[PDB]
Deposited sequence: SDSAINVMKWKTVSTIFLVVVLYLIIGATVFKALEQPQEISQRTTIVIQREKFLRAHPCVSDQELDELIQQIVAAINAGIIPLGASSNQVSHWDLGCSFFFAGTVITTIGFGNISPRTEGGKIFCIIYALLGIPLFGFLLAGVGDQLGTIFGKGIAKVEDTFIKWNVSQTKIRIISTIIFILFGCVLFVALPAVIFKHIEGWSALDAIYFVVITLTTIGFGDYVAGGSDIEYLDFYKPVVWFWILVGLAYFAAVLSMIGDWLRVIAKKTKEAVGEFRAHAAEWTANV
């Protein structure tokens, strides 16, 4: 009766694996449908202005312009002053590896390995302590409004649902809405790009297409410090939200398992009623 638990474990893992595979298949087709047509437009614009630059500059040779493009690309393969190396050290221990700057000295790659293996756990302790502090702050606030609801409202199991909505709306305004407003003004980004950056950063995905403080424009003395502070409390908030979404998925997984139970049981007595 001990291998039976392992078989039931495998049964759970294999169905979750298939669901994840389905998730990747659906997402792939959607990202294809959304991003492929746009890719057509910008690759026609590079070929028109390529030949246009040849046309606009007939002195430039075809053979000598293609030789220039390759070493530009080869060059893509100060960026390391104390400010950026500090920021880079942050992108490592937070796993938000934006990658806009990354070590290419083979000594720098060795240190990057050592720095990450010790940095990730150490920063995890900090992120846990900040989340614990933010948890108690919201706890008193949510406890006060709980005790106001118990007065007019009769029974519980409903106040927790209301309370979780406050956590989202406040957390969205504090950690998503407000910094996105400042990001669009300071960084000159679109409103959607600001939300896009906020979520991509706080989920630790860190694509690198958008980086606050990354462009070489003038920045106020307090700006990057408060963004560091936003990173700290923001990662704690998104960690709780992602865990809550996971808890919702666990409930939906049981309701769907129960829903499919009611369905085939009904369809069984009907095929029997034949």
Where along the deposited sequence are residues missing from the model? 78-90
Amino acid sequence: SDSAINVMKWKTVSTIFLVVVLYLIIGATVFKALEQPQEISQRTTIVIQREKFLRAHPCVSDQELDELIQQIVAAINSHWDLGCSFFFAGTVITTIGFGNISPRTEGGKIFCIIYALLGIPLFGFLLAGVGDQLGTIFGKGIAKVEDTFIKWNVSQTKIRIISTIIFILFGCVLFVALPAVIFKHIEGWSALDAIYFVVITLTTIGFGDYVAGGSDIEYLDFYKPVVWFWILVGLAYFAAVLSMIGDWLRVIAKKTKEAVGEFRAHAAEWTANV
From here on, numbers count along this sequence of modelled residues.
Can you tell me whether 138-146 has a higher mean C-alpha B factor than 79-87 in this record, or the other way round? 138-146
Which wins on mean Cα temperature factor, 245-253 or 35-43? 35-43
Tell me which of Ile120, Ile72, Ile110, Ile182 tops the list for C-alpha B factor in the record. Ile72
Among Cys59, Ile205, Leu220, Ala212, single out the one with the highest C-alpha B factor in the record, please. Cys59
Looking at the temperature factor on the CA atom of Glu106, which third of the chain's modelled residues does it land in? highest
Would you check the entry's CA temperature factor for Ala177 and let me know if it's in the chain's lowest, middle or highest third? middle
By the recorded C-alpha temperature factor, relative to the other modelled residues in its chain, which third is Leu192 in? middle
Going by the recorded CA B-factors, say which third of the chain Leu65 sits in, lowest, middle or highest. highest
Using the B-factor values recorded in the entry, state whether the Cα atom of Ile165 falls in the lowest, middle or highest third among the modelled residues of its chain. middle
